[PDB]
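Secondary and tertiary structure notes
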There are 2 protein chains.
Amino acid sequence: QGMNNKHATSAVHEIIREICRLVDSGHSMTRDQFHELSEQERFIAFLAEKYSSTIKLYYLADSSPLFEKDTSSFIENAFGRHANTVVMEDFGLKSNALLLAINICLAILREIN
Amino acid sequence: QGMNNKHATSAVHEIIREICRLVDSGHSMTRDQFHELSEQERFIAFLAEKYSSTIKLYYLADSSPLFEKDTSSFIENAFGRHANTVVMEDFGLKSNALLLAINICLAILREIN
């Protein structure tokens, strides 16, 4: 409700960018882990932590001065909501659930905008 | 000027989706080919043709009833413009230029919206 839509939009663009980097380095996630993390509303936290050595999160790192709990909580919950209703095949995917996350990011952008 | 922004937005979401599918199947593009195709304003046509056996383009296939030349031309030109000013490293990438294309898609969405 007090979430900066402009902030939230940039944060989601940032997620897409960093997931693309993970994919560029050959990282992958199983659909099962992706759905579990999203349902537990902690997909982003998981990435931030697992890939903390390389991941660049100006918006979504809790140690960033740009971090806003409203934006991060909205995003984590949004993954939970969307991953509850879509699956890999809804976007013509099979293997790498990081790419399902990118599709869900676009659904979230629609919600924000 | 007569481009349906709503149409164009959905078309760009579609590009991101189909590129994600290409990446899921292990396809890649070199930065050199990506910059060449974009500069020649034919990156999307190239994908449509090369991957015509699997790619699903409801908006961007010229044989689709949803095809609109204004949207497709805007998008092709937009890739040309953006790929003229950014490079892989601007988005923390190195190898797969398909992922640079996804980042450029977000820049295009900003332009449309």
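Parameters at a glance
- Residues numbered from 1 in each chain as written, not as in the entry; some residues may be left out.
- Chains lettered and ligands numbered in written order.
- Heavy atoms only, no water.
- Least-squares fit on C-alpha atoms.
- Contact = heavy atoms within 4.5 Å.
- Disulfide = S-S within 2.5 Å.
- Buried < 20%, exposed > 50% of the residue type's maximum accessible area, 1.4 Å probe, protein only.
- Helix = DSSP H or I, 4+ residues; strand = E, 2+ residues; numbered from the N terminus.
- Core = buried A, V, L, I, M, F, W, Y, C linked by side-chain atoms within 4.5 Å.
- Buried area = accessible area lost by both parts, 1.4 Å probe.
- Salt bridge = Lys/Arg side-chain N within 4 Å of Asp/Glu carboxyl O.

Regarding how it was determined, this PDB entry cites X-ray crystallography in its header, along with a resolution of 1.837 Å.

Another aspect to go through is the relation of the copies chain B and chain A. For the match of chain B to chain A, the screw axis carries a shift of 0.0 Å, the RMSD comes to 0.0 Å, and the turn is 180°. Such a combination of rotation and displacement between the chain copies is what one expects of a two-fold axis. A symmetric contact is evident, with 100% of the interface residues of chain B recurring at the interface of chain A.

The next thing to look at is the state of the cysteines. Evaluation of the coordinates by the stated rule reveals 0 disulfides over all chains. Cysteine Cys20(B) remains unbridged, with the sulfur of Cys20(A) as its closest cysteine sulfur at 6.6 Å. Residue classification places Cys20(B) among the buried residues on the basis of a relative accessible area of 0%. There is no disulfide at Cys105(B), and the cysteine sulfur nearest it, in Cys20(B), is 9.4 Å away.

Right, let's talk about unusual backbone geometry for a bit. A negative phi angle is the norm for most residues apart from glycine, just as the trans form is the norm for most peptide bonds. Residues and elements named next belong to chain A. Of note, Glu 41 is a non-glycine position whose phi angle comes to about 50°, a positive value. Of note, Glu 41 is situated in the loop between α2 (31–39) and α3 (43–50). Given the relative accessible area of 38%, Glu 41 is considered partly exposed.

Turning to the nonpolar core, a few remarks are in order. In terms of nonpolar packing, the biggest core is built from 83 residues, with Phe43(A), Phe79(A), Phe43(B) and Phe79(B) touching the most fellow members. Residues in contact with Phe79(B), not counting those within four places in the same chain, are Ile15(B), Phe34(B), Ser38(B), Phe43(B), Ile44(B), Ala101(B), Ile104(B), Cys105(B) and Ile108(B).

Glancing now at the interface of chain B and chain A. Facing the 20 residues of chain B at the interface are 20 residues of chain A. Summing both partners gives a buried area of about 1800 Å² for chain B against chain A, and 62% of it is carried by carbon and sulfur. Together, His13(B), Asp24(B) and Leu106(B) form the three largest contributors to the area buried by chain B at its contact with chain A, with a combined 30%. Counting the contacts that link chain B with chain A gives 0 salt bridges.

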